[PDB]
$ cat data.cif   # mmCIF, C-alpha atoms and all ligand atoms
data_my_file
#
loop_
_atom_site.label_atom_id
_atom_site.label_comp_id
_atom_site.auth_asym_id
_atom_site.auth_seq_id
_atom_site.Cartn_x
_atom_site.Cartn_y
_atom_site.Cartn_z
CA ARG A 17 0.00 0.00 0.00
CA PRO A 18 1.43 3.39 -1.15
CA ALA A 19 1.78 5.69 1.82
CA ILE A 20 1.37 9.21 0.35
CA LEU A 21 -1.68 8.25 -1.71
CA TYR A 22 -3.10 6.49 1.34
CA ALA A 23 -2.60 9.48 3.58
CA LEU A 24 -4.15 11.82 1.03
CA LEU A 25 -7.41 9.85 0.86
CA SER A 26 -7.89 9.60 4.64
CA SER A 27 -7.72 13.36 5.33
CA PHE B 529 -30.58 20.24 -7.67
CA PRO B 530 -27.71 21.57 -9.87
CA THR B 531 -27.22 18.68 -12.30
CA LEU B 532 -24.38 16.22 -11.74
CA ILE B 533 -22.95 17.38 -15.09
CA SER B 534 -22.63 20.92 -13.77
CA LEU B 535 -20.92 19.69 -10.61
CA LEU B 536 -18.42 17.68 -12.68
CA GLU B 537 -17.84 20.95 -14.56
CA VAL B 538 -16.86 22.81 -11.39
CA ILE B 539 -14.65 20.17 -9.81
CA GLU B 540 -12.75 19.75 -13.12
CA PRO B 541 -9.14 20.83 -12.24
CA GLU B 542 -7.63 23.86 -13.89
CA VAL B 543 -4.72 22.70 -16.00
CA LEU B 544 -1.37 22.71 -14.23
CA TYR B 545 1.71 24.54 -15.43
CA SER B 546 4.95 22.64 -16.10
CA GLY B 547 7.56 25.36 -15.93
CA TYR B 548 9.57 23.69 -18.70
CA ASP B 549 12.44 25.93 -19.75
CA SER B 550 12.97 25.25 -23.49
CA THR B 551 15.85 27.70 -23.22
CA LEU B 552 18.04 24.69 -22.37
CA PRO B 553 18.62 21.86 -24.98
CA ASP B 554 15.83 19.29 -25.44
CA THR B 555 16.82 15.79 -24.42
CA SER B 556 14.66 12.73 -23.99
CA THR B 557 15.80 12.08 -20.39
CA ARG B 558 14.97 15.70 -19.35
CA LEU B 559 11.65 15.76 -21.21
CA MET B 560 10.54 12.46 -19.59
CA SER B 561 11.57 13.64 -16.14
CA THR B 562 9.54 16.84 -16.77
CA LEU B 563 6.50 14.81 -17.88
CA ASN B 564 6.60 12.72 -14.76
CA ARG B 565 6.99 15.79 -12.51
CA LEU B 566 4.13 17.48 -14.24
CA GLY B 567 2.33 14.14 -13.89
CA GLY B 568 2.83 13.76 -10.12
CA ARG B 569 1.20 17.20 -9.68
CA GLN B 570 -1.69 16.43 -12.05
CA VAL B 571 -2.29 13.33 -9.99
CA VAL B 572 -2.49 15.31 -6.69
CA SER B 573 -5.01 17.52 -8.50
CA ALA B 574 -6.89 14.35 -9.48
CA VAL B 575 -7.05 13.13 -5.92
CA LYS B 576 -8.76 16.37 -4.95
CA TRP B 577 -11.13 15.91 -7.90
CA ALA B 578 -11.97 12.37 -6.91
CA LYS B 579 -12.58 13.45 -3.31
CA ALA B 580 -15.02 16.15 -4.48
CA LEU B 581 -16.74 13.52 -6.61
CA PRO B 582 -20.38 12.87 -5.56
CA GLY B 583 -20.27 9.33 -4.21
CA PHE B 584 -16.59 8.66 -4.35
CA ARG B 585 -16.13 9.33 -0.61
CA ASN B 586 -18.69 6.58 0.21
CA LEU B 587 -16.26 3.84 -0.77
CA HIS B 588 -13.89 2.28 1.75
CA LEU B 589 -10.41 3.75 1.72
CA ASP B 590 -8.91 0.54 0.40
CA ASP B 591 -11.27 0.95 -2.58
CA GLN B 592 -10.64 4.65 -3.07
CA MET B 593 -6.94 3.88 -3.05
CA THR B 594 -7.21 0.92 -5.37
CA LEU B 595 -9.12 2.86 -7.98
CA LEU B 596 -6.82 5.87 -8.20
CA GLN B 597 -3.75 3.59 -8.26
CA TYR B 598 -5.18 1.47 -11.08
CA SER B 599 -6.50 4.36 -13.20
CA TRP B 600 -4.13 7.33 -12.83
CA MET B 601 -2.51 6.73 -16.20
CA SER B 602 -5.94 6.40 -17.81
CA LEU B 603 -7.09 9.62 -16.19
CA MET B 604 -4.06 11.64 -17.20
CA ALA B 605 -3.87 10.24 -20.75
CA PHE B 606 -7.57 10.91 -21.26
CA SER B 607 -7.20 14.58 -20.18
CA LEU B 608 -4.08 15.01 -22.26
CA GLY B 609 -6.06 13.57 -25.23
CA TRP B 610 -8.75 16.16 -24.62
CA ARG B 611 -6.30 19.09 -24.19
CA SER B 612 -4.64 18.11 -27.47
CA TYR B 613 -8.05 17.88 -29.13
CA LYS B 614 -9.28 21.26 -27.98
CA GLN B 615 -6.06 23.28 -28.13
CA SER B 616 -4.58 21.91 -31.39
CA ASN B 617 -7.33 19.72 -32.90
CA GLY B 618 -5.34 16.56 -32.14
CA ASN B 619 -2.24 17.48 -34.15
CA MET B 620 0.21 17.91 -31.28
CA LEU B 621 0.31 16.74 -27.67
CA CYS B 622 -0.61 19.62 -25.40
CA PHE B 623 0.85 18.55 -22.11
CA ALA B 624 0.60 22.03 -20.69
CA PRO B 625 0.31 25.50 -22.33
CA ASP B 626 4.06 25.96 -21.60
CA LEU B 627 4.89 22.43 -22.97
CA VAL B 628 3.77 21.25 -26.40
CA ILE B 629 5.33 18.40 -28.26
CA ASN B 630 5.51 18.83 -31.99
CA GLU B 631 7.25 16.44 -34.38
CA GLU B 632 10.20 18.38 -34.02
CA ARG B 633 10.31 16.92 -30.50
CA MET B 634 8.64 13.66 -31.27
CA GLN B 635 11.85 13.01 -33.15
CA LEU B 636 13.87 12.74 -29.95
CA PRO B 637 14.93 9.17 -28.92
CA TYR B 638 12.21 7.15 -27.10
CA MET B 639 9.64 9.75 -27.89
CA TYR B 640 8.07 8.89 -31.21
CA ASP B 641 6.40 5.68 -30.19
CA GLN B 642 5.05 6.82 -26.85
CA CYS B 643 3.81 10.06 -28.45
CA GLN B 644 2.01 8.10 -31.16
CA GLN B 645 0.09 6.07 -28.57
CA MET B 646 -0.89 9.27 -26.77
CA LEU B 647 -1.98 10.97 -30.00
CA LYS B 648 -4.14 7.89 -30.78
CA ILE B 649 -6.36 8.86 -27.80
CA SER B 650 -6.44 12.35 -29.20
CA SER B 651 -7.56 11.23 -32.66
CA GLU B 652 -10.45 9.16 -31.23
CA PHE B 653 -11.77 12.44 -29.82
CA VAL B 654 -11.42 13.77 -33.38
CA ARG B 655 -13.14 10.78 -34.96
CA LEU B 656 -16.14 10.80 -32.66
CA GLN B 657 -16.33 14.59 -32.22
CA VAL B 658 -16.69 14.07 -28.47
CA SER B 659 -18.41 16.81 -26.44
CA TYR B 660 -16.98 18.39 -23.29
CA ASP B 661 -19.76 16.83 -21.34
CA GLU B 662 -19.26 13.45 -22.91
CA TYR B 663 -15.59 13.70 -21.93
CA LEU B 664 -16.31 14.60 -18.33
CA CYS B 665 -18.59 11.66 -17.67
CA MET B 666 -16.36 9.34 -19.57
CA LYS B 667 -13.44 10.52 -17.41
CA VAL B 668 -15.25 9.62 -14.23
CA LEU B 669 -16.08 6.21 -15.66
CA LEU B 670 -12.34 5.77 -16.37
CA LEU B 671 -11.66 6.18 -12.65
CA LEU B 672 -14.11 3.34 -12.04
CA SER B 673 -12.87 1.02 -14.80
CA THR B 674 -10.04 -1.13 -13.30
CA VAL B 675 -10.50 -3.33 -10.23
CA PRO B 676 -8.72 -6.28 -8.51
CA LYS B 677 -9.61 -9.85 -9.45
CA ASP B 678 -10.57 -10.48 -5.79
CA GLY B 679 -12.95 -7.54 -6.21
CA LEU B 680 -13.38 -4.67 -3.81
CA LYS B 681 -14.27 -4.43 -0.16
CA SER B 682 -17.27 -2.16 -0.76
CA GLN B 683 -18.48 -3.60 -4.09
CA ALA B 684 -22.04 -2.54 -3.26
CA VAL B 685 -21.51 1.24 -3.05
CA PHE B 686 -19.25 0.83 -6.13
CA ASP B 687 -21.89 -0.76 -8.37
CA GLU B 688 -24.33 2.10 -7.66
CA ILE B 689 -21.70 4.81 -8.21
CA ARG B 690 -20.91 3.34 -11.63
CA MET B 691 -24.69 3.24 -12.24
CA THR B 692 -25.04 6.94 -11.56
CA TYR B 693 -22.27 7.98 -13.94
CA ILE B 694 -23.43 5.62 -16.65
CA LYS B 695 -26.78 7.43 -16.56
CA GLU B 696 -24.94 10.74 -16.53
CA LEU B 697 -23.01 10.02 -19.67
CA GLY B 698 -26.37 8.95 -21.14
CA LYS B 699 -27.72 12.42 -20.37
CA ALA B 700 -24.61 14.03 -21.80
CA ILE B 701 -25.08 12.24 -25.08
CA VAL B 702 -28.58 13.63 -25.46
CA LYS B 703 -28.07 17.15 -24.32
CA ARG B 704 -26.15 17.15 -27.61
CA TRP B 712 -27.38 2.06 -29.14
CA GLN B 713 -25.19 3.83 -31.54
CA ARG B 714 -23.71 6.93 -29.81
CA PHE B 715 -23.57 5.18 -26.42
CA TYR B 716 -22.29 2.09 -28.09
CA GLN B 717 -19.46 4.05 -29.65
CA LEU B 718 -18.38 5.87 -26.49
CA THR B 719 -18.40 2.73 -24.35
CA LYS B 720 -16.19 1.05 -26.91
CA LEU B 721 -13.91 4.05 -26.64
CA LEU B 722 -13.83 3.31 -22.90
CA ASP B 723 -13.04 -0.29 -23.63
CA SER B 724 -10.20 0.63 -25.94
CA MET B 725 -8.66 2.86 -23.19
CA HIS B 726 -7.47 -0.28 -21.42
CA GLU B 727 -5.43 -1.37 -24.42
CA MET B 728 -4.13 2.09 -25.35
CA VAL B 729 -3.19 2.65 -21.64
CA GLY B 730 -1.67 -0.80 -21.06
CA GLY B 731 1.02 0.21 -23.54
CA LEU B 732 1.71 3.58 -21.87
CA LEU B 733 1.81 1.77 -18.57
CA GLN B 734 4.29 -0.62 -20.06
CA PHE B 735 6.54 2.17 -21.24
CA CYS B 736 6.15 3.81 -17.85
CA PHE B 737 7.32 0.65 -16.11
CA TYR B 738 10.21 0.34 -18.52
CA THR B 739 11.46 3.88 -17.80
CA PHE B 740 10.83 3.30 -14.13
CA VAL B 741 13.01 0.25 -13.83
CA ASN B 742 15.76 0.95 -16.44
CA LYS B 743 18.92 2.18 -14.69
CA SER B 744 20.76 3.37 -17.84
CA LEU B 745 18.06 5.86 -18.72
CA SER B 746 18.01 7.75 -15.37
CA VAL B 747 14.38 9.04 -15.87
CA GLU B 748 13.11 10.84 -12.77
CA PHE B 749 9.71 10.14 -11.16
CA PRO B 750 8.28 12.18 -8.17
CA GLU B 751 7.96 10.31 -4.87
CA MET B 752 4.16 10.26 -5.16
CA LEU B 753 4.22 8.41 -8.53
CA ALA B 754 7.24 6.32 -7.65
CA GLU B 755 5.37 4.78 -4.70
CA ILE B 756 2.20 4.28 -6.78
CA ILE B 757 4.18 2.73 -9.65
CA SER B 758 6.27 0.67 -7.29
CA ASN B 759 3.19 -0.86 -5.65
CA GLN B 760 1.47 -1.28 -9.07
CA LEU B 761 4.33 -3.06 -10.94
CA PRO B 762 4.01 -6.27 -8.76
CA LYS B 763 0.24 -6.50 -9.27
CA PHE B 764 0.61 -6.37 -13.07
CA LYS B 765 3.41 -8.92 -12.85
CA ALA B 766 0.92 -11.23 -11.14
CA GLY B 767 -1.87 -10.29 -13.61
CA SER B 768 -4.26 -9.78 -10.69
CA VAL B 769 -5.60 -6.55 -12.25
CA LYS B 770 -9.13 -6.80 -13.74
CA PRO B 771 -10.35 -4.49 -16.54
CA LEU B 772 -14.09 -3.60 -16.52
CA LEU B 773 -15.29 -4.03 -20.13
CA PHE B 774 -18.63 -2.93 -21.59
CA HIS B 775 -18.25 -5.30 -24.60
CA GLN B 776 -16.52 -8.65 -25.25
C1 LIG C 801 4.83 6.90 -22.10
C2 LIG C 801 4.75 7.30 -20.62
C3 LIG C 801 3.33 7.78 -20.26
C4 LIG C 801 3.48 9.24 -19.77
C5 LIG C 801 2.38 9.77 -18.87
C6 LIG C 801 1.13 9.86 -19.75
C7 LIG C 801 -0.04 10.47 -18.96
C8 LIG C 801 0.39 11.82 -18.47
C9 LIG C 801 -0.28 12.92 -18.83
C10 LIG C 801 0.15 14.23 -18.37
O1 LIG C 801 -0.28 15.28 -18.84
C11 LIG C 801 1.14 14.26 -17.31
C12 LIG C 801 1.98 13.24 -17.18
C13 LIG C 801 1.58 11.85 -17.52
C14 LIG C 801 1.14 11.22 -16.16
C15 LIG C 801 2.76 11.16 -18.30
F1 LIG C 801 2.84 11.99 -19.46
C16 LIG C 801 4.20 11.30 -17.76
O2 LIG C 801 4.30 10.58 -16.54
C17 LIG C 801 5.20 10.68 -18.72
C18 LIG C 801 4.82 9.23 -19.06
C19 LIG C 801 4.79 8.34 -17.81
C20 LIG C 801 5.68 8.47 -20.12
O3 LIG C 801 5.97 9.38 -21.16
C21 LIG C 801 6.92 7.98 -19.39
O4 LIG C 801 6.90 6.96 -18.73
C22 LIG C 801 8.12 8.89 -19.31
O5 LIG C 801 8.76 8.63 -18.07
#

$ encode --input "data.cif" --output "structure tokens"
Amino acid sequence: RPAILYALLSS
Amino acid sequence: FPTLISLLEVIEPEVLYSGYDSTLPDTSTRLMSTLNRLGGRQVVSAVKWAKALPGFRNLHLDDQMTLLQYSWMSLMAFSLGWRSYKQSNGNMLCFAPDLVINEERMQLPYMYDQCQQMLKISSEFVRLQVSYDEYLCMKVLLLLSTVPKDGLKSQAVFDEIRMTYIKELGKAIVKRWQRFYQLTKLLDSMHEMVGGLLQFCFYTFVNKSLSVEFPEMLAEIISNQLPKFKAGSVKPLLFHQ
């Protein structure tokens, strides 16, 4: 799982 | 009560600026590194667009992630195909207003082939005389067009979101069988046209000699995507067999 993309979607 | 088409209109990102300085000599390594940097930015813009997308937020995160990972290339190539269609009637790739790629600079090494594939998308817009509204609904359906073989977590919310935008494209056709048939086949051919850009992406990404730069955003997306395509666990949604 790609961390930046992941963090962007759960903001 | 404002139509979905008019919402799509207002969440549509304003085109990004590359900042390419064609004062320095054109080389294929530099130009590819610039495309990817402009690309990483376009993608952040597309995450904002997806988040503002009626319904998209109702998926589980694992789903929202899966879908942007599996369709980013399709989204950006589709928009680039549009930009080239509007701004130059499909003659030249309009990557940004400050970056156009004429066949002077298709003649650089590595560039011709990949620029042909991208123009192909552009010329389909030319063939079918796509509308702006047709394009917008089609672009959403692109986001929803590649899934894992094991399917999603929240398949249910997903099926109804695709249902909505299918209707919406329907509308867009008419506010302007055969038309809808043609456009959904255009969607189907995006997987093939995009598999080959993906393949060139993966080539540049892995090839040490070539030294092409990718931003950290992309690099992590591409790095996580490359194993899943190796395994062939990535499932295209097709309208037609
Ligand atoms: C053929 C491939 C496909 C290209 C991508 C096609 C889709 C796209 C459209 C844009 O407007 C911004 C950048 C991207 C998102 C992209 F143009 C760059 O990344 C460069 C790219 C990957 C490529 O040229 C390379 O892999 C060069 O590294």

$ residues_near_ligand --input "data.cif" --ligand "ligand LIG 801 (chain C)" --cutoff "6 Å" --atoms "only C-alpha atoms and all ligand atoms" --output "number ranges by chain"
B: 560, 563-564, 566-567, 601, 604-605, 608, 623, 642, 732, 735-736, 739

$ interface_residues --input "data.cif" --of "chain B" --to "chain A" --cutoff "12 Å" --atoms "only C-alpha atoms" --output "number ranges by chain"
B: 568, 571-580, 584-597, 600, 750-760, 762-763

$ closest_residue --input "data.cif" --among "B:532, B:664, B:669, B:636" --to "residue B:694" --atoms "only C-alpha atoms"
B:669

$ residues_around --input "data.cif" --residues "residue B:644" --least-positions-apart "6" --cutoff "12 Å" --atoms "only C-alpha atoms" --output "JSON, numbers by chain"
{"B": [609, 618, 619, 620, 621, 629, 630, 631, 634, 635, 638, 650, 651, 728, 731, 732]}

$ write_last_selection --input "data.cif" --atoms "C-alpha atoms" --output "mmCIF file, in the frame of the given file"
data_model
loop_
_atom_site.group_PDB
_atom_site.id
_atom_site.type_symbol
_atom_site.label_atom_id
_atom_site.label_comp_id
_atom_site.auth_asym_id
_atom_site.auth_seq_id
_atom_site.Cartn_x
_atom_site.Cartn_y
_atom_site.Cartn_z
ATOM 1 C CA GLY B 609 -6.060 13.570 -25.230
ATOM 2 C CA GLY B 618 -5.340 16.560 -32.140
ATOM 3 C CA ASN B 619 -2.240 17.480 -34.150
ATOM 4 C CA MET B 620 0.210 17.910 -31.280
ATOM 5 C CA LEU B 621 0.310 16.740 -27.670
ATOM 6 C CA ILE B 629 5.330 18.400 -28.260
ATOM 7 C CA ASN B 630 5.510 18.830 -31.990
ATOM 8 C CA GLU B 631 7.250 16.440 -34.380
ATOM 9 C CA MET B 634 8.640 13.660 -31.270
ATOM 10 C CA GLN B 635 11.850 13.010 -33.150
ATOM 11 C CA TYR B 638 12.210 7.150 -27.100
ATOM 12 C CA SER B 650 -6.440 12.350 -29.200
ATOM 13 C CA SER B 651 -7.560 11.230 -32.660
ATOM 14 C CA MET B 728 -4.130 2.090 -25.350
ATOM 15 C CA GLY B 731 1.020 0.210 -23.540
ATOM 16 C CA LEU B 732 1.710 3.580 -21.870
#

$ closest_residue --input "data.cif" --among "B:645, B:602, B:659, B:746" --to "residue B:714" --atoms "all atoms listed in the file"
B:659

$ atom_distance --input "data.cif" --atom1 "atom CA of residue B:647" --atom2 "atom CA of residue B:614"
12.8 Å

$ atom_distance --input "data.cif" --atom1 "atom CA of residue B:607" --atom2 "atom CA of residue B:663"
8.6 Å

$ atom_distance --input "data.cif" --atom1 "atom CA of residue B:582" --atom2 "atom CA of residue B:539"
10.2 Å

$ axis_aligned_box --input "data.cif" --around "stretch 672-684 of chain B" --padding-each-side "8 Å" --output "AutoDock Vina command-line options"
--center_x -15.4 --center_y -3.6 --center_z -7.5 --size_x 29.3 --size_y 29.8 --size_z 30.6
